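Visitor: Below is one structure. I have some questions about it.
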Amino acid sequence: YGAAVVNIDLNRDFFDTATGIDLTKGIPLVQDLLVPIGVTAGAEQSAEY
Amino acid sequence: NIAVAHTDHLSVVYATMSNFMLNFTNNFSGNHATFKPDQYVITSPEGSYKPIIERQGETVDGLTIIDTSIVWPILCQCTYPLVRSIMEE
Amino acid sequence: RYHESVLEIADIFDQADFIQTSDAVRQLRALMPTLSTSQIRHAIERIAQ
Numbered sequence: 001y002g003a004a005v006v007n008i009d010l011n012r013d014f015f016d017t018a019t020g021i022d023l024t025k026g027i028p029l030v031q032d033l034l035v036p037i038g039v040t041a042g043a044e045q046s047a048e049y
Numbered sequence: 001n002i003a004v005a006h007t008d009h010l011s012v013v014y015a016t017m018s019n020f021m022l023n024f025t026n027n028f029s030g031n032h033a034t035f036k037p038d039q040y041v042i043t044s045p046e047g048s049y050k051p052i053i054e055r056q057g058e059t060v061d062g063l064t065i066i067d068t069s070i071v072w073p074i075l076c077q078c079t080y081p082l083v084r085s086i087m088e089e
Numbered sequence: 001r002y003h004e005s006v007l008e009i010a011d012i013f014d015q016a017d018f019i020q021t022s023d024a025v026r027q028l029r030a031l032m033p034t035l036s037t038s039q040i041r042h043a044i045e046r047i048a049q
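Take a look at the structure:
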């Protein structure tokens, strides 16, 4: 009683940090896989998705 | 491996340099079969005749002879911002 | 009167073991930044890492 929202997220215990994945923001995000070239320093981030 | 650095970057440098103030000549039209440079002279009835384009042999400036081997270091001894951790402004 | 456009190999070919053509991987390609052999190799080096 008192639960406010119940979501169905990708499972952190299986998609672990060992696999590179970062589920904290509600989407998977891996750091230096498909980086765009020729763009400004903060502009890589969407590729992390 | 090197092509994106050419096409997707260096080409832009050409496109800008082409609009620079001092690049006043038409160097090429892309058709080797027919292109021939426009040829002007300063000239007077008093008989002066100064071609703008002359064939004078090697000059002290060193811009006249062309070493085509320059192609090699480019293909196989050069990095580029697009080709090469790999992020680079 | 014409319109130039790219046409992906998956948009003409369809062969189950030759060329992945599932709509999911299509969406994945849709989300990708423009690439190069260098970027692809970097991705592969990362998945190996």
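Chains as they are written, first to last, in this note's numbering: chain V, 1 to 49; chain D, 1 to 89; chain R, 1 to 49. Note that beta-carbon positions come from the ideal geometry of N, C-alpha and C, so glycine has one too.
(1) Return the first residue and the last residue of the beta strand (DSSP E) that residue 92 (chain D) is part of.
(2) Which of the three DSSP states, helix, strand or coil, is assigned to residue 15 (chain R)?
(3) Beta-carbon separation of residue 66 (chain V) and residue 35 (chain V) under 9 Å?
(4) Would residue 8 (chain D) and residue 82 (chain D) qualify as a contact pair, given that the criterion is a beta-carbon distance under 9 Å?
(5) Nearest to residue 50 (chain D) by CA position, among D:56, D:41, D:57 and D:58, is which residue?
(6) Per DSSP, which one or two residues make a beta bridge with residue 43 (chain D)?
(7) Name the chain R residues that come within less than 8 Å of residue 1 (chain D), Cβ to Cβ?
(8) Is the beta carbon of residue 87 (chain D) closer than 9 Å to that of residue 41 (chain V)?
(9) Under a CB-based cut-off of 9 Å, is residue 86 (chain D) close to chain V?
(10) Let's see if you can read the secondary structure: which residues bound the alpha helix (DSSP H) around residue 27 (chain R)?
Guide: Once the coordinates are examined:
(1) With chain D represented from 1 up to 89, any question about residue 92 (chain D) goes unanswered, as that position is not in the structure.
(2) Along the third sequence, read from residue 1 onward, the residue named residue 15 (chain R) stands at position 15. Correct three-state label for residue 15 (chain R): strand.
(3) Since the displayed chain V opens at 1 and closes at 49, residue 66 (chain V) lies outside it and no answer follows.
(4) As a first step, residue 8 (chain D) is located in the second sequence; it is residue number 8 there, counting from the start. As a first step, residue 82 (chain D) is located in the second sequence; it is residue number 82 there, counting from the start. Against a cut-off of 9 Å, the Cβ pair of residue 82 (chain D) and residue 8 (chain D) comes out as a contact.
(5) The residue labelled residue 50 (chain D) in the question sits at position 50 within the second sequence. Closest by alpha carbon: D:41.
(6) For the purposes of this step, residue 43 (chain D) is taken as the residue at position 43 of the second sequence. Residue 43 (chain D) pairs with D:49.
(7) Here residue 1 (chain D) is taken as the residue at index 1 of the second sequence, counted from 1. Correct list: 37 and 38.
(8) Against the first sequence, residue 41 (chain V) aligns to sequence position 41. Against the second sequence, residue 87 (chain D) aligns to sequence position 87. Yes, they are a contact pair.
(9) Indexing the second sequence from 1 puts residue 86 (chain D) at position 86. Closer than 9 Å to some Cβ of chain V, the Cβ of residue 86 (chain D) qualifies, so yes.
(10) Residue 27 (chain R) sits at position 27 when you count from the first residue of the third sequence. Element bounds for residue 27 (chain R): 23-31.
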